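Okay, coords_10.txt now, which holds compact mmCIF, C-alpha atoms and all ligand atoms:
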# COMPACT_ATOMS: atom_id res chain seq x y z
CA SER A 1 19.26 10.99 -22.24
CA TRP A 2 15.99 10.07 -20.54
CA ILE A 3 14.11 7.84 -23.00
CA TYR A 4 15.02 4.14 -22.74
CA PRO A 5 15.33 3.53 -18.94
CA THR A 6 12.07 5.46 -18.53
CA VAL A 7 10.43 3.27 -21.21
CA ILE A 8 11.63 0.00 -19.65
CA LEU A 9 10.67 1.24 -16.17
CA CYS A 10 7.16 2.22 -17.30
CA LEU A 11 6.68 -1.09 -19.12
CA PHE A 12 7.64 -2.97 -15.95
CA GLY A 13 5.33 -0.71 -13.94
CA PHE A 14 2.53 -1.54 -16.37
CA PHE A 15 2.98 -5.31 -16.60
CA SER A 16 3.85 -5.61 -12.88
CA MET A 17 0.85 -3.82 -11.36
CA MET A 18 -1.57 -5.30 -13.94
CA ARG A 19 -2.70 -8.05 -11.58
CA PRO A 20 -6.33 -9.11 -12.12
CA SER A 21 -6.94 -11.36 -9.09
CA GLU A 22 -6.32 -8.69 -6.45
CA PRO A 23 -9.99 -7.80 -5.68
CA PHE A 24 -11.07 -11.43 -6.16
CA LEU A 25 -8.42 -12.87 -3.83
CA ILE A 26 -10.47 -13.31 -0.64
CA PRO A 27 -13.12 -15.46 -2.41
CA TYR A 28 -10.29 -17.54 -3.89
CA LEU A 29 -8.93 -18.31 -0.42
CA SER A 30 -12.32 -19.38 0.98
CA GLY A 31 -13.82 -20.94 -2.15
CA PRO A 32 -14.07 -24.57 -3.29
CA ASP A 33 -10.42 -24.60 -4.40
CA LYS A 34 -8.89 -23.78 -0.99
CA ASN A 35 -10.55 -25.24 2.11
CA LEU A 36 -10.00 -22.26 4.41
CA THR A 37 -12.60 -20.78 6.74
CA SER A 38 -12.86 -17.05 7.36
CA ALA A 39 -11.28 -17.11 10.83
CA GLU A 40 -8.26 -19.09 9.62
CA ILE A 41 -7.64 -16.41 6.98
CA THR A 42 -8.46 -13.46 9.25
CA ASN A 43 -6.64 -14.26 12.49
CA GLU A 44 -3.90 -16.68 11.43
CA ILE A 45 -2.36 -15.94 8.02
CA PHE A 46 -2.67 -12.22 7.25
CA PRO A 47 -0.95 -10.66 10.37
CA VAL A 48 2.19 -12.69 9.54
CA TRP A 49 2.32 -10.44 6.44
CA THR A 50 2.74 -7.44 8.75
CA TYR A 51 5.56 -9.33 10.48
CA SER A 52 7.17 -9.90 7.09
CA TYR A 53 6.95 -6.17 6.40
CA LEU A 54 8.48 -5.22 9.76
CA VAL A 55 11.43 -7.62 10.15
CA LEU A 56 12.16 -7.38 6.41
CA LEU A 57 11.99 -3.57 6.42
CA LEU A 58 15.38 -2.45 7.76
CA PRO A 59 17.69 -5.04 6.06
CA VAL A 60 15.93 -4.82 2.68
CA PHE A 61 16.27 -1.03 2.91
CA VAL A 62 19.99 -1.74 3.30
CA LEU A 63 19.52 -3.87 0.18
CA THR A 64 17.91 -0.79 -1.44
CA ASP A 65 21.05 1.34 -1.78
CA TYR A 66 23.92 -1.17 -1.49
CA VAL A 67 23.42 -3.44 -4.51
CA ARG A 68 22.19 -0.43 -6.54
CA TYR A 69 18.56 -1.24 -7.27
CA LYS A 70 18.84 -4.03 -9.85
CA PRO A 71 18.96 -7.20 -7.63
CA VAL A 72 16.07 -5.89 -5.51
CA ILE A 73 13.85 -5.70 -8.61
CA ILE A 74 15.14 -9.12 -9.73
CA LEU A 75 14.24 -10.42 -6.25
CA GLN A 76 10.82 -8.75 -6.52
CA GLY A 77 10.19 -10.56 -9.81
CA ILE A 78 11.32 -13.88 -8.32
CA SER A 79 9.05 -13.18 -5.35
CA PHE A 80 6.17 -12.52 -7.77
CA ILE A 81 6.83 -15.89 -9.42
CA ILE A 82 7.06 -17.77 -6.11
CA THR A 83 4.03 -15.96 -4.62
CA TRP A 84 1.65 -16.73 -7.48
CA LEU A 85 2.98 -20.27 -7.98
CA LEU A 86 2.24 -20.90 -4.31
CA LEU A 87 -1.17 -19.25 -4.69
CA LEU A 88 -1.99 -21.63 -7.53
CA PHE A 89 -0.47 -24.65 -5.76
CA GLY A 90 -0.69 -24.07 -2.01
CA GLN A 91 -3.28 -25.46 0.41
CA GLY A 92 -3.05 -25.09 4.18
CA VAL A 93 -2.23 -22.67 7.00
CA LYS A 94 1.52 -22.95 6.27
CA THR A 95 1.89 -22.37 2.52
CA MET A 96 -0.44 -19.37 2.61
CA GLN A 97 1.66 -17.83 5.38
CA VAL A 98 4.65 -18.42 3.11
CA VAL A 99 2.67 -16.53 0.42
CA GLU A 100 2.12 -13.66 2.86
CA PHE A 101 5.82 -13.71 3.84
CA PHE A 102 6.97 -13.37 0.24
CA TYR A 103 4.31 -10.73 -0.41
CA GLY A 104 5.60 -8.75 2.57
CA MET A 105 9.03 -8.96 0.98
CA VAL A 106 7.38 -7.77 -2.27
CA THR A 107 5.95 -4.77 -0.40
CA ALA A 108 9.39 -4.12 1.11
CA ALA A 109 11.00 -4.22 -2.35
CA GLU A 110 8.34 -1.83 -3.68
CA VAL A 111 9.87 1.01 -1.64
CA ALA A 112 13.22 0.26 -3.29
CA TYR A 113 11.39 0.24 -6.63
CA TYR A 114 10.14 3.80 -6.02
CA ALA A 115 13.70 5.10 -5.60
CA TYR A 116 15.00 3.84 -8.96
CA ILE A 117 13.49 6.90 -10.67
CA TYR A 118 15.73 9.46 -8.96
CA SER A 119 18.94 7.46 -9.54
CA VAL A 120 18.94 6.70 -13.29
CA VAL A 121 17.27 9.87 -14.59
CA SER A 122 18.99 13.26 -14.91
CA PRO A 123 17.66 15.87 -12.42
CA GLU A 124 15.84 17.85 -15.15
CA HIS A 125 13.16 15.11 -15.19
CA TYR A 126 12.65 13.95 -11.61
CA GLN A 127 9.05 14.94 -10.84
CA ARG A 128 7.69 14.50 -14.38
CA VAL A 129 9.04 10.96 -14.82
CA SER A 130 8.07 10.06 -11.23
CA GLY A 131 4.49 11.21 -11.78
CA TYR A 132 4.39 9.37 -15.11
CA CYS A 133 5.57 6.14 -13.46
CA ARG A 134 3.05 6.51 -10.62
CA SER A 135 0.28 7.18 -13.16
CA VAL A 136 1.30 4.13 -15.22
CA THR A 137 1.24 1.88 -12.12
CA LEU A 138 -2.14 3.21 -10.92
CA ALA A 139 -3.69 2.99 -14.40
CA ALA A 140 -2.26 -0.52 -14.77
CA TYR A 141 -3.90 -1.65 -11.53
CA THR A 142 -7.15 0.06 -12.59
CA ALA A 143 -7.11 -1.61 -16.02
CA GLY A 144 -6.32 -4.95 -14.37
CA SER A 145 -9.32 -4.63 -12.06
CA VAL A 146 -11.52 -3.60 -15.01
CA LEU A 147 -10.27 -6.60 -16.99
CA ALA A 148 -11.02 -8.82 -13.99
CA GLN A 149 -14.56 -7.43 -13.86
CA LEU A 150 -14.98 -8.01 -17.61
CA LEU A 151 -13.68 -11.60 -17.41
CA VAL A 152 -15.43 -12.68 -14.19
CA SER A 153 -18.67 -10.70 -13.87
CA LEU A 154 -19.54 -10.88 -17.59
CA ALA A 155 -17.40 -13.43 -19.47
CA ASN A 156 -17.87 -15.99 -16.63
CA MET A 157 -14.28 -17.07 -15.96
CA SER A 158 -13.22 -19.08 -12.91
CA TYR A 159 -10.90 -17.72 -10.23
CA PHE A 160 -8.22 -20.37 -10.82
CA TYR A 161 -7.70 -19.14 -14.38
CA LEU A 162 -7.77 -15.58 -13.01
CA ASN A 163 -4.75 -16.40 -10.84
CA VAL A 164 -3.26 -18.10 -13.93
CA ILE A 165 -3.60 -14.78 -15.79
CA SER A 166 -2.00 -13.06 -12.78
CA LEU A 167 0.91 -15.54 -12.89
CA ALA A 168 1.36 -14.90 -16.62
CA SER A 169 1.31 -11.14 -15.98
CA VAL A 170 3.97 -11.28 -13.27
CA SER A 171 6.01 -13.66 -15.47
CA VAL A 172 5.95 -11.11 -18.30
CA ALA A 173 6.89 -8.55 -15.63
CA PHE A 174 9.88 -10.72 -14.67
CA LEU A 175 10.97 -10.94 -18.32
CA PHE A 176 10.76 -7.14 -18.58
CA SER A 177 12.56 -6.69 -15.24
CA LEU A 178 15.56 -8.82 -16.23
CA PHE A 179 16.35 -6.26 -18.97
CA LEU A 180 17.08 -3.35 -16.65
CA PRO A 181 20.28 -1.28 -16.89
CA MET A 182 22.56 -1.43 -13.87
CA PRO A 183 23.20 2.03 -12.37
CA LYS A 184 26.87 2.45 -11.48
CA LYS A 185 26.14 5.21 -8.94
CA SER A 186 23.84 5.16 -5.93
CA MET A 187 22.21 7.55 -3.45
CA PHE A 188 23.95 6.77 -0.13
CA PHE A 189 26.67 4.11 -0.31
CA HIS A 190 28.44 4.43 -3.68
CA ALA A 191 27.40 8.03 -4.37
CA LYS A 192 29.67 10.79 -5.65
CA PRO A 193 31.77 12.37 -2.83
CA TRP A 194 23.76 7.21 13.30
CA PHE A 195 25.29 9.02 16.26
CA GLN A 196 25.44 12.72 15.31
CA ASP A 197 23.35 12.99 12.12
CA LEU A 198 19.68 12.40 13.06
CA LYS A 199 18.95 15.37 15.37
CA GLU A 200 18.94 18.05 12.65
CA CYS A 201 15.73 17.12 10.81
CA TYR A 202 13.78 16.13 13.94
CA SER A 203 14.50 19.34 15.88
CA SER A 204 11.06 20.69 14.95
CA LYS A 205 7.59 21.06 16.46
CA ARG A 206 5.51 20.90 13.24
CA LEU A 207 7.09 18.28 10.96
CA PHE A 208 7.22 15.86 13.91
CA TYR A 209 3.44 16.06 14.39
CA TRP A 210 2.81 15.81 10.64
CA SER A 211 5.04 12.72 10.39
CA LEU A 212 3.35 11.23 13.47
CA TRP A 213 -0.09 11.70 11.90
CA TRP A 214 1.33 10.21 8.68
CA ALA A 215 2.46 7.17 10.69
CA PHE A 216 -0.86 6.64 12.50
CA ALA A 217 -2.87 7.15 9.29
CA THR A 218 -0.59 4.78 7.36
CA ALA A 219 -0.98 2.05 9.99
CA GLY A 220 -4.75 2.56 10.05
CA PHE A 221 -5.10 2.42 6.27
CA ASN A 222 -2.85 -0.65 6.10
CA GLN A 223 -5.12 -2.48 8.56
CA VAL A 224 -8.30 -1.31 6.80
CA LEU A 225 -7.03 -2.46 3.41
CA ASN A 226 -5.92 -5.70 5.08
CA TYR A 227 -9.40 -6.60 6.30
CA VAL A 228 -11.87 -4.71 4.08
CA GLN A 229 -12.21 -7.66 1.68
CA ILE A 230 -12.95 -9.98 4.61
CA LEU A 231 -15.55 -7.40 5.66
CA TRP A 232 -16.98 -7.67 2.13
CA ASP A 233 -17.01 -11.46 2.43
CA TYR A 234 -18.73 -11.27 5.83
CA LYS A 235 -21.46 -8.81 4.83
CA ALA A 236 -22.15 -10.86 1.69
CA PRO A 237 -20.95 -14.45 1.12
CA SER A 238 -19.02 -15.19 -2.05
CA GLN A 239 -20.91 -18.42 -2.74
CA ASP A 240 -24.38 -17.14 -1.79
CA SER A 241 -24.79 -13.60 -3.16
CA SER A 242 -23.34 -11.99 -6.27
CA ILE A 243 -20.31 -9.86 -5.37
CA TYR A 244 -18.86 -7.07 -7.51
CA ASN A 245 -15.45 -6.58 -5.87
CA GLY A 246 -13.40 -5.90 -9.00
CA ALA A 247 -15.55 -3.01 -10.23
CA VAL A 248 -15.64 -1.48 -6.74
CA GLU A 249 -11.88 -1.59 -6.23
CA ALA A 250 -11.39 -0.24 -9.78
CA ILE A 251 -13.70 2.69 -8.98
CA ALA A 252 -11.85 3.11 -5.65
CA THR A 253 -8.44 3.39 -7.34
CA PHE A 254 -9.98 5.74 -9.93
CA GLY A 255 -11.46 7.88 -7.16
CA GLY A 256 -8.11 7.97 -5.40
CA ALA A 257 -6.58 9.19 -8.66
CA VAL A 258 -9.31 11.86 -8.93
CA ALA A 259 -8.67 12.84 -5.29
CA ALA A 260 -4.91 13.16 -5.90
CA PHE A 261 -5.62 15.18 -9.07
CA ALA A 262 -7.87 17.46 -7.00
CA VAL A 263 -5.21 17.90 -4.29
CA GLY A 264 -2.66 18.73 -7.01
CA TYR A 265 -4.65 21.86 -7.99
CA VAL A 266 -5.61 23.43 -4.64
CA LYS A 267 -5.40 27.21 -5.04
CA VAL A 268 -7.03 27.85 -1.66
CA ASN A 269 -5.66 30.19 1.03
CA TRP A 270 -3.81 28.40 3.84
CA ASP A 271 -4.75 30.76 6.69
CA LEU A 272 -7.59 28.85 8.37
CA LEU A 273 -7.68 25.83 6.02
CA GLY A 274 -4.90 23.98 7.88
CA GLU A 275 -7.10 23.67 10.98
CA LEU A 276 -10.46 23.33 9.18
CA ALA A 277 -10.47 20.49 6.64
CA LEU A 278 -8.52 17.99 8.78
CA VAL A 279 -11.23 17.73 11.46
CA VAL A 280 -13.98 17.56 8.81
CA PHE A 281 -12.36 14.75 6.81
CA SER A 282 -11.50 12.92 10.06
CA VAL A 283 -15.20 13.01 11.00
CA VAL A 284 -15.90 11.79 7.44
CA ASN A 285 -13.45 8.89 7.96
CA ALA A 286 -15.00 7.93 11.32
CA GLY A 287 -18.49 8.15 9.83
CA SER A 288 -17.43 6.02 6.87
CA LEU A 289 -16.07 3.33 9.19
CA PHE A 290 -19.22 3.49 11.34
CA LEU A 291 -21.37 3.29 8.20
CA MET A 292 -19.46 0.21 7.03
CA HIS A 293 -19.81 -1.38 10.48
CA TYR A 294 -23.44 -0.50 11.37
CA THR A 295 -24.85 -1.70 8.03
CA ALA A 296 -26.19 -4.90 6.52
CA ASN A 297 -26.32 -4.08 2.79
CA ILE A 298 -23.09 -4.83 0.95
CA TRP A 299 -23.64 -1.80 -1.32
CA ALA A 300 -23.44 0.54 1.68
CA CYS A 301 -20.14 -1.14 2.59
CA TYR A 302 -18.82 -0.56 -0.95
CA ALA A 303 -19.88 3.10 -0.80
CA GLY A 304 -18.27 3.50 2.62
CA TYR A 305 -15.03 2.01 1.30
CA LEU A 306 -15.16 4.43 -1.66
CA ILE A 307 -15.66 7.47 0.59
CA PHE A 308 -13.02 6.30 3.09
CA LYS A 309 -10.37 5.54 0.47
CA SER A 310 -10.98 8.83 -1.37
CA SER A 311 -10.80 10.80 1.89
CA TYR A 312 -7.63 8.96 2.96
CA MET A 313 -5.98 9.57 -0.43
CA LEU A 314 -6.88 13.27 -0.19
CA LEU A 315 -5.55 13.63 3.37
CA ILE A 316 -2.44 11.57 2.69
CA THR A 317 -1.59 13.59 -0.44
CA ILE A 318 -1.97 16.76 1.64
CA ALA A 319 0.33 15.11 4.21
CA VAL A 320 3.00 14.22 1.62
CA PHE A 321 2.73 17.76 0.20
CA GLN A 322 3.16 19.40 3.62
CA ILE A 323 5.98 17.18 4.90
CA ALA A 324 8.09 17.45 1.71
CA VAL A 325 8.19 21.27 1.62
CA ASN A 326 11.72 21.86 2.94
CA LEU A 327 13.25 18.40 2.39
CA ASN A 328 16.22 17.45 0.24
CA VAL A 329 16.50 14.48 -2.13
CA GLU A 330 18.15 11.96 0.22
CA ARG A 331 16.39 13.23 3.35
CA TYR A 332 13.04 12.70 1.59
CA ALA A 333 13.46 8.92 1.36
CA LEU A 334 15.35 8.76 4.68
CA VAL A 335 12.72 10.53 6.79
CA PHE A 336 9.96 8.62 4.98
CA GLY A 337 11.75 5.36 5.78
CA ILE A 338 12.01 6.29 9.46
CA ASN A 339 8.34 7.31 9.53
CA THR A 340 7.39 4.07 7.75
CA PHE A 341 9.26 2.13 10.44
CA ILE A 342 7.42 4.06 13.18
CA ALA A 343 4.12 3.36 11.38
CA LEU A 344 4.98 -0.34 11.23
CA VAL A 345 5.84 -0.44 14.94
CA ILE A 346 2.41 1.10 15.65
CA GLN A 347 0.71 -1.32 13.22
CA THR A 348 2.56 -4.30 14.72
CA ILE A 349 1.56 -3.40 18.30
CA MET A 350 -2.06 -2.79 17.24
CA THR A 351 -2.22 -6.03 15.22
CA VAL A 352 -0.75 -8.14 18.05
CA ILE A 353 -3.18 -6.60 20.57
CA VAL A 354 -6.32 -6.62 18.41
CA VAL A 355 -6.00 -9.06 15.53
CA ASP A 356 -3.38 -11.74 16.25
CA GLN A 357 -4.31 -15.27 17.33
CA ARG A 358 -1.97 -15.29 20.35
CA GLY A 359 -4.16 -12.80 22.15
CA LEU A 360 -7.78 -11.76 21.79
CA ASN A 361 -8.50 -13.68 18.52
CA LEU A 362 -11.16 -11.16 17.52
CA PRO A 363 -13.51 -11.65 14.55
CA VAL A 364 -13.56 -9.27 11.60
CA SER A 365 -16.72 -7.50 12.80
CA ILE A 366 -15.35 -6.19 16.12
CA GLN A 367 -12.07 -5.05 14.52
CA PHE A 368 -13.76 -2.41 12.36
CA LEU A 369 -15.37 -0.97 15.49
CA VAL A 370 -11.87 -0.95 17.01
CA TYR A 371 -10.41 0.95 14.04
CA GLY A 372 -13.41 3.28 14.08
CA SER A 373 -12.52 4.10 17.69
CA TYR A 374 -8.89 4.48 16.53
CA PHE A 375 -9.79 7.12 13.94
CA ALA A 376 -12.19 8.64 16.49
CA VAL A 377 -9.21 9.16 18.83
CA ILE A 378 -7.34 10.69 15.88
CA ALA A 379 -10.31 13.01 15.18
CA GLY A 380 -10.40 13.98 18.86
CA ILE A 381 -6.70 14.88 18.73
CA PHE A 382 -7.39 17.07 15.68
CA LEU A 383 -10.35 18.63 17.53
CA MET A 384 -8.11 19.47 20.50
CA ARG A 385 -5.59 20.91 18.04
CA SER A 386 -8.31 23.01 16.39
CA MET A 387 -9.39 24.40 19.77
CA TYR A 388 -5.83 25.70 20.32
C1 LIG B 1 -1.27 -10.90 -4.02
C2 LIG B 1 -1.54 -10.68 -2.49
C3 LIG B 1 -0.89 -11.47 -1.55
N1 LIG B 1 -1.15 -11.25 -0.24
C4 LIG B 1 -2.01 -10.32 0.13
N2 LIG B 1 -2.29 -10.06 1.55
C5 LIG B 1 -2.57 -8.65 1.87
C6 LIG B 1 -3.86 -8.16 1.86
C7 LIG B 1 -4.09 -6.79 2.15
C8 LIG B 1 -3.03 -5.97 2.43
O1 LIG B 1 -3.28 -4.57 2.74
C9 LIG B 1 -2.21 -3.66 2.40
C10 LIG B 1 -2.33 -3.31 0.93
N3 LIG B 1 -1.27 -2.41 0.46
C11 LIG B 1 -1.43 -1.24 0.96
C12 LIG B 1 0.01 -0.65 1.13
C13 LIG B 1 0.93 -1.79 0.91
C14 LIG B 1 0.17 -2.89 0.92
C15 LIG B 1 -1.73 -6.48 2.45
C16 LIG B 1 -1.50 -7.81 2.16
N4 LIG B 1 -2.63 -9.57 -0.75
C17 LIG B 1 -2.45 -9.70 -2.06
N5 LIG B 1 -3.19 -8.83 -2.98
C18 LIG B 1 -3.61 -7.47 -2.54
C19 LIG B 1 -4.74 -7.28 -1.77
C20 LIG B 1 -5.11 -5.97 -1.38
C21 LIG B 1 -4.34 -4.86 -1.79
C22 LIG B 1 -3.21 -5.06 -2.58
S1 LIG B 1 -2.18 -3.63 -3.12
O2 LIG B 1 -1.16 -3.44 -2.13
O3 LIG B 1 -1.57 -3.98 -4.37
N6 LIG B 1 -3.21 -2.21 -3.24
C23 LIG B 1 -2.74 -1.06 -4.10
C24 LIG B 1 -1.20 -0.72 -3.92
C25 LIG B 1 -3.03 -1.31 -5.54
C26 LIG B 1 -3.51 0.16 -3.67
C27 LIG B 1 -2.85 -6.34 -2.96
For this file, produce the structure as structure tokens.
Amino acid sequence: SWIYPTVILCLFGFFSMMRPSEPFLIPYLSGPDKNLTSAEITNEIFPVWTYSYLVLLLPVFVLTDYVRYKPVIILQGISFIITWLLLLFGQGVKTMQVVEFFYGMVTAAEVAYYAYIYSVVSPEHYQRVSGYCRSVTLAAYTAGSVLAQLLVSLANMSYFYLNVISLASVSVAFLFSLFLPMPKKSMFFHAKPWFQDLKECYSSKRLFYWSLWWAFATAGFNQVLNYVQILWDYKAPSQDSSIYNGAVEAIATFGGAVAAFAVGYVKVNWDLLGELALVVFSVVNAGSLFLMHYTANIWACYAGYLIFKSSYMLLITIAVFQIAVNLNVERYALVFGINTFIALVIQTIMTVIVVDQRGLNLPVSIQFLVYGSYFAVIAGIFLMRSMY
């Protein structure tokens, strides 16, 4: 039997990721409804989110496999409700950091939400149902951004009612998430029958470098998707010029889907390709960051974000395909959790040095030059690897 938990899971993935006010969030924080300047959003509230995704990574992962995946989705729905009720009714540098704290706990519970597929479905339908759930979530976010563009850019709806629609969507998601079946078995703790268990997978000289590049690229993309909407707000003000953020992020998610669909059908020989395309797409990423930083037109910044997100989705799907060649079921999520923790340590150190208020207190313009130099160092490491 594989019908009804898949149906309820896909309906929650549809009505949970269908959130319209995600591209139009950074004008809502600095608009006439919330008196917040750009520096108070850039250097004070957002990096706390990263803190809430570091400190709440390891215990919530313990909450992933111990209570067997139902209370973590119930907590994710409650966190949806609290997050959007405090977005509609929170003003200040305290309540918005509470919003970012609960959204970091949302992002922590999302990883537990990915692992519900492999623990309620029979093993004849792992990859098919997992790809269907990922496609439903991505298409739900795409349709939500398209609906936001149709309601804001054409139908002329305010942002407050857009967050009201987002609250109604996550409330319907909570009502769908309460009706989930409890799995009696788990993956690690209550499964069917460290100090000396970690050395076996990490006794390599290839998978270590691929996981390290996965970690650096994940930290870089997390910071770029943190501050790319503030870059959009800086290159074009939300109250002065007409901004088209919903359509651009919809086309960006669609292009990431097209990039993943293109990676899923690569019948190209892997003799010289493993040391050829990585350097080229790294130069493309550095040039996209430099094109978004050295420009003044907002349209060039949208195009640079499109090219950068498509190239990152392509490279990261190649990375997930190459790391998960000789991995088991449990070791998949375990090694990805360890690599996610390493990526978050790197992101935390880089955010405290570059972005955080207790420190340099840098504006949003200099930070994109910093991350361009970051990906330039990554491209130089791939160039030195290609010379070998
Ligand atoms: C409702 C909300 C509350 N707080 C925030 N702050 C925030 C802004 C940008 C962030 O960048 C990281 C985005 N995702 C990338 C991987 C997990 C998190 C993380 C947090 N954003 C929010 N909306 C949001 C803004 C940008 C991206 C996203 S997303 O994570 O849902 N992007 C997709 C998963 C759809 C690709 C969501």
When the cut-off is 8 Å and you count only C-alpha atoms and all ligand atoms, which residues lie near ligand LIG 1 (chain B), shown as a compact mmCIF listing (two decimals) with C-alpha atoms, keeping the file's coordinate frame?
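Written out: result_36.txt:
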# COMPACT_ATOMS: atom_id res chain seq x y z
CA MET A 17 0.85 -3.82 -11.36
CA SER A 21 -6.94 -11.36 -9.09
CA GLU A 22 -6.32 -8.69 -6.45
CA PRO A 23 -9.99 -7.80 -5.68
CA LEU A 25 -8.42 -12.87 -3.83
CA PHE A 46 -2.67 -12.22 7.25
CA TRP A 49 2.32 -10.44 6.44
CA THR A 50 2.74 -7.44 8.75
CA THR A 83 4.03 -15.96 -4.62
CA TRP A 84 1.65 -16.73 -7.48
CA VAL A 99 2.67 -16.53 0.42
CA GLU A 100 2.12 -13.66 2.86
CA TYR A 103 4.31 -10.73 -0.41
CA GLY A 104 5.60 -8.75 2.57
CA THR A 107 5.95 -4.77 -0.40
CA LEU A 138 -2.14 3.21 -10.92
CA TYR A 141 -3.90 -1.65 -11.53
CA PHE A 221 -5.10 2.42 6.27
CA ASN A 222 -2.85 -0.65 6.10
CA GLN A 223 -5.12 -2.48 8.56
CA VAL A 224 -8.30 -1.31 6.80
CA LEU A 225 -7.03 -2.46 3.41
CA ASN A 226 -5.92 -5.70 5.08
CA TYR A 227 -9.40 -6.60 6.30
CA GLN A 229 -12.21 -7.66 1.68
CA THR A 253 -8.44 3.39 -7.34
**Request:** Kindly give the distance, in Å, that separates atom CA of residue 343 of chain A and atom CA of residue 52 of chain A, rounded to a single decimal.
**Result:**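 Taking atom CA of residue 343 of chain A and atom CA of residue 52 of chain A, their separation equals 14.3 Å.
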**Request:** Find the distance between atom CA of residue 35 of chain A and atom CA of residue 292 of chain A and write it in Å to one decimal.
**Result:**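 These atoms are spaced 27.4 Å apart.
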**Prompt:** In Å, how far is it from atom CA of residue 217 of chain A to atom CA of residue 304 of chain A?
**Reply:**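 Interatomic distance, atom CA of residue 217 of chain A to atom CA of residue 304 of chain A: 17.2 Å.
Proximity of A:150, A:215, A:106, A:54 to residue 250 of chain A, computed with only C-alpha atoms, is greatest for A:150.
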**Request:** Show me as a ChimeraX atom specification the residues that reach within 12 Å of (14.7, -3.3, 10.5), counting all atoms listed in the file and using the file's own coordinates.
**Result:** /A:51-63,108,337-338,340-342,344-345
**Asked** Which residue out of A:178, A:201, A:146, A:283 has the minimum interatomic distance to residue 324 of chain A when all atoms listed in the file are used?
**Response** A:201
Contacts of residue 73 of chain A within 9 Å, all atoms listed in the file, excl. fewer than 2 positions in-chain, as a PDB file with C-alpha atoms, in the coordinates of the input:
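And here is the file that came out, part_13.pdb:
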ATOM      1  CA  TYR A  69      18.560  -1.240  -7.270  1.00  0.00           C
ATOM      2  CA  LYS A  70      18.840  -4.030  -9.850  1.00  0.00           C
ATOM      3  CA  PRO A  71      18.960  -7.200  -7.630  1.00  0.00           C
ATOM      4  CA  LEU A  75      14.240 -10.420  -6.250  1.00  0.00           C
ATOM      5  CA  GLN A  76      10.820  -8.750  -6.520  1.00  0.00           C
ATOM      6  CA  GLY A  77      10.190 -10.560  -9.810  1.00  0.00           C
ATOM      7  CA  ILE A  78      11.320 -13.880  -8.320  1.00  0.00           C
ATOM      8  CA  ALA A 109      11.000  -4.220  -2.350  1.00  0.00           C
ATOM      9  CA  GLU A 110       8.340  -1.830  -3.680  1.00  0.00           C
ATOM     10  CA  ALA A 112      13.220   0.260  -3.290  1.00  0.00           C
ATOM     11  CA  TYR A 113      11.390   0.240  -6.630  1.00  0.00           C
ATOM     12  CA  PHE A 174       9.880 -10.720 -14.670  1.00  0.00           C
ATOM     13  CA  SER A 177      12.560  -6.690 -15.240  1.00  0.00           C
ATOM     14  CA  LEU A 178      15.560  -8.820 -16.230  1.00  0.00           C
ATOM     15  CA  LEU A 180      17.080  -3.350 -16.650  1.00  0.00           C
TER      16      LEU A 180
END
**Request:** Skip segment 257-260 of chain A itself and residues of its chain fewer than 3 positions away, then list as a list in words all residues within 9 Å of it, counting all atoms listed in the file.
**Result:**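 Listing them by chain and then by number gives residues 135, 138, 139, 252, 253, 254, 263, 264, 265, 310, 311, 313, 314, 317 and 318 of chain A.
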**Prompt:** Given the choices A:210, A:379, A:140, A:44, which gets closest to residue 359 of chain A if the distance is worked out from all atoms listed in the file?
**Reply:**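 Looking only at the distances to residue 359 of chain A, the closest residue turns out to be A:44.
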**Asked** Could you name the residues that touch residue 34 of chain A at 12 Å or less, counting all atoms listed in the file, but leaving out those on the same chain fewer than 3 positions away, as a count of residues only?
**Response** 23
**Message:** List as a VMD selection string the protein and nucleic acid residues near residue 297 of chain A, meaning an atom at most 10 Å away when all atoms listed in the file are counted, but skip any in the same chain fewer than 5 places from it.
**Reply:** chain A and resid 235 to 236 292 302
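Distance check against residue 230 of chain A using all atoms listed in the file: of A:136, A:301, A:377, A:247, the minimum falls on A:301.
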**Item:** Residues near residue 166 of chain A, cut-off 8 Å, all atoms listed in the file, skip fewer than 2 positions along chain, as a ChimeraX atom specification
**Value:** /A:18-21,84,162-164,168-170
**Prompt:** Nearest to residue 80 of chain A: which of A:361, A:347, A:16, A:282 is it, counting only C-alpha atoms?
**Reply:** A:16
**Request:** Could you check which of A:312, A:290, A:388, A:208 is closest to residue 255 of chain A, using only C-alpha atoms?
**Result:**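 Smallest distance to residue 255 of chain A is found for A:312.
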N, CA and C atoms restored at segment 43-47 of chain A, emitted as a PDB file, in the frame of the given file:
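Below you can see out36.pdb, which holds the result:
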ATOM      1  N   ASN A  43      -7.409 -14.361  11.261  1.00  0.00           N
ATOM      2  CA  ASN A  43      -6.640 -14.260  12.490  1.00  0.00           C
ATOM      3  C   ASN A  43      -5.393 -15.139  12.503  1.00  0.00           C
ATOM      4  N   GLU A  44      -5.049 -15.770  11.390  1.00  0.00           N
ATOM      5  CA  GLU A  44      -3.900 -16.680  11.430  1.00  0.00           C
ATOM      6  C   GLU A  44      -2.857 -16.391  10.364  1.00  0.00           C
ATOM      7  N   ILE A  45      -3.265 -15.998   9.163  1.00  0.00           N
ATOM      8  CA  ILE A  45      -2.360 -15.940   8.020  1.00  0.00           C
ATOM      9  C   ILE A  45      -1.968 -14.509   7.676  1.00  0.00           C
ATOM     10  N   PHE A  46      -2.946 -13.605   7.617  1.00  0.00           N
ATOM     11  CA  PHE A  46      -2.670 -12.220   7.250  1.00  0.00           C
ATOM     12  C   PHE A  46      -1.759 -11.418   8.197  1.00  0.00           C
ATOM     13  N   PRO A  47      -1.866 -11.477   9.543  1.00  0.00           N
ATOM     14  CA  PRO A  47      -0.950 -10.660  10.370  1.00  0.00           C
ATOM     15  C   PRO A  47       0.519 -11.026  10.237  1.00  0.00           C
TER      16      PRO A  47
END
